[PDB]
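Can you read through this structure? Questions will come right after.
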């Protein structure tokens, strides 16, 4: 037998960092969950019980904390690039580092219409994520995403005109509920190394903001023909607004809300134009994906 | 043997309702999870396989939907009272109904600074809950709560002056992080029946708003001596502002954030006044509770 | 305002203990999750920011580990009694201790038909739990339970003869699937203190075994008239077999499996006697409870 | 813009099937969760709001149930191949089908040492999974796996001889606890179509059994030098025993159990050879992966 691929590291490393402006007294917090997996000339650890080539995963953990202490942790695209570059530059035999970061929300509280200097609220489970692959001699590949953005619109969603055969029972409709959990990923052009990532630092936060804004506005305003059509509209607008992204990927469940026929009870009308009470379905769910690039 | 207590019903009933203003075109959605358990003269179902006394839990499910169709579902204190009263009035042998409702957030989206007429976002997993007990000949007992409100403050939390013995290793501190998940419950005076609940309907939403506001403001502004002291301050202010509540109950975990000593690495200073990077701890956690009433 | 009730402590304390027989070399492991909440003369911590009366929850955590080091951790009824008694005897002003323990399964592996001396498997998420309340001057109250025991029977479950009115759509049936998650609690007679708990130590493991055996055998062999009737049969047999228990409590969901009508497709027969493929329903679910004591 | 990739379908489709031997009366149940995603000439659904090319995901759901009614659902490698082949043969414009199946455990109960004819227990959350990719003109690719197999050994695990630099604090050890959640995947040689999958049907269950047996025996008996070395041993034995598998992939977390130093309390000895009580750590965790193929 032979080792065809191998990677190892530390997962689920929770990190908090605070910044304190001592001249205004305003504090700012950051909280993330980090995973770092390494690749390189490490097969003998597997095949020959040779631990001399292992950078202990405990040491990987320490390195994450030390790196956070000595460098900015925002935007996460930059922090992940710094972290990954460290491993490939420090260890001769380590040739690739894979960094995943999940950013948790801590939004400043407003007290009596004023932003509070050191108090925060978690306003949703939506996450801002990055995947950074640092590969010796091949630069830095970054994928940015938002996930866990849950939305619903109560009307201005349609689904008709689909294929009908002997497996089909679904009725066509011109007015339904649409709800989803948004997972959206934008893939950056390859960067040659950390200097080039630094040169583009302002683009990371602005592109995340744009992706979020485009997603919400398109969802709210599109008289949707299907999930497929709406998500394509989102992707094409993001691409038009940031030339340094190569592709946009959406993964959207269709979280179904079923009409409930009550006419068996005293002739109650609760379907079609009379539909007021619905049954949210936990499973199954549609799952729709697409990757959009430039022609 | 003998049956000492018994209750049965339907759990995890998901319900959506929409309201449509046809003159402005604005839509408003409500989504909840409902549980209904019944008590009464039903022991023979257990002891004698006598199903004639069982209101099927499937029928309980249908009744929830029909009741939502025919009545307002806000505020949840009212809906739960209506639902519970139905069972005890409709079935001679059913003497108590226990209704629990969890309200999920669907907050209207703002698009380009305007509130959107039919699009919504889940801005956090915080819930608004009610527990309504309807007991024949003893009125309606209501407990209202908010839960899942997650907050953090980065400073202006202290913990010193506690008991020190041979089991104690914890250092005193005058500056720490405080983070918690707020669980807060206010218990209403008993109501004689549904007429009296109706008479107080505006008090339910305003009291929820007050409890939320008092919790956030007290958390943000209190230079906290302990979790115990801060939560008492919250409870006493709520009681002072709504005479119809009898008690306020808080249940707060202390979600610990540990300092990380890095001095072993190149003499790095990351403790005390130099603390910038911390390790959020998933477990264990402190758990602090209290029930406050009027003297 | 006034403090009407208060308790505080440490939750989610994970503990492992190993026992090593150095003469046979066999090792035995135990793993649990522990919560300890205290009550007593502690109101001034809440009302007056007086921390002098607080036994720090960090110290409670240390005490759990020290107690596990110095005493047996099985059966959990004994360990919890020891732990709770410690707090009320050591601290004059602490008058009640509430201990909850969740026991996780580590079952010895059999390798080539031989029990392995130091290797274990988690064979299910079923838990063995205890709730121990130690109250100064009122002894020791213990509730033992098993939870997370998930079972299914494919036939020999019925449900007919229930109440039918204008809210009822459910069809009667003489052959259905029955599946549940068993939650079963037996409440011991009050014990006067730790000496009396020690005197009964062998009864704790045997009574847990009996409760488990009775539950599985009754579920498997009863031609069930309803969940209500089957659970009563379980409870009465447990009571008959351990005189020192006062009550038995069951809480059972009915996890529904729905028939799927396929006759719209090529006349396929998949209902009633022809039912082969079913749709497991995640929600809603029936919930059935009862407490049985002795006449 | 242009669509670079697209797939869509139904997720989280829960399915139960029963088999009844009417001559012995023994029943056998199967329960799974199924996902089916399709690819093909469907871009116009995204770009042009052309729903005529969409096989509705609701119809995909119906097809899963109908297919389960008309065909064996074991072994899952066969069922998934049948299901995927259906879509590419039935729809001219659908060229790839991706089927994922999760098999849930329902193990027959033994009552009084006899296997019960229709009663089952869920003995762990371990799953048996398959991923089947059916691609028009390129056959059938199958990946089989077991996941959620949680084990612990209390000794005969070591970790020393690793790289030590200024990021390293971890002590070497010759005796530690090792615990993991096993995720193991074996990739079958490509099959030309459904006829060839049928010809190998007995190999699927036997290879799953072998992979499970090899994993448990190797874990139990290996005096482990590291997670890396132990997992390689497992992979190489599986490859040696089934010539039709091309690669074996393991993904193993190292779920850490920390020693607790108690010497600060009355000189208690609980480290090294005296270690009896340990602290299970929920996070972070090591993560170790490798893919093994044949030289």
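For reference, chains read A, B, C and D in written order, and residue numbers begin at 1 within each chain.
Convention: contacts are C-beta pairs under 8 Å (C-beta built on N, C-alpha and C of every residue); 3 or more make two chains touch, one makes a residue touch a chain.
Enquirer: Given the two chain pairs C-D and B-C, which is bridged by the higher number of C-beta pairs in contact?
Expert: If we tally the contacting C-beta pairs, B-C comes out ahead.
Enquirer: Among A-D, A-C or A-B, which chain pair copies the contacts of B-D, with over half of them the same by residue number?
Expert: Repeat interface, by the over-half criterion: A-C.
Enquirer: With chain centres taken as the means of their Cα atoms, state the distance from chain C to chain D in Å.
Expert: About 30 Å, centre to centre.
Enquirer: Can you give the whole-Å distance between the Cα centres of chain A and chain C?
Expert: 38
Enquirer: If you average the CA atoms of chain B and of chain C, how many Å lie between those two points?
Expert: So the centroids are 25 Å from each other.
Enquirer: Which parts of chain B, given as residue numbers and ranges, touch two or more other chains?
Expert: 14, 62, 66, 167, 169, 265, 282-283
Enquirer: Name the graph shape formed by the protein chains and their touching pairs; answer line, ring, star, complete or other.
Expert: complete
Enquirer: Can you tell me which positions in chain B touch chain A when the two form their complex?
Expert: Those in contact with chain A are residues 14-20, 27, 29, 31, 62, 65-66, 68-70, 106, 109, 111-112, 116, 118-125, 149-156, 177, 216-217, 219-221, 257, 260, 262, 265, 268, 270, 275-280, 282.
Enquirer: What residues on chain C touch chain A, complex-wise?
Expert: These residues of chain C touch chain A: 166-167, 169, 264-266, 282-283.
Enquirer: If you look only at chain B, which of its residues touch chain C in the complex?
Expert: Spelled out, the residues of chain B in touch with chain C are 1-14, 35, 37, 42, 45-47, 49-59, 61-63, 66, 91, 159-163, 165, 167-170, 225-226, 228-229, 231-232, 235-236, 239-240, 247, 253-254, 283-295.
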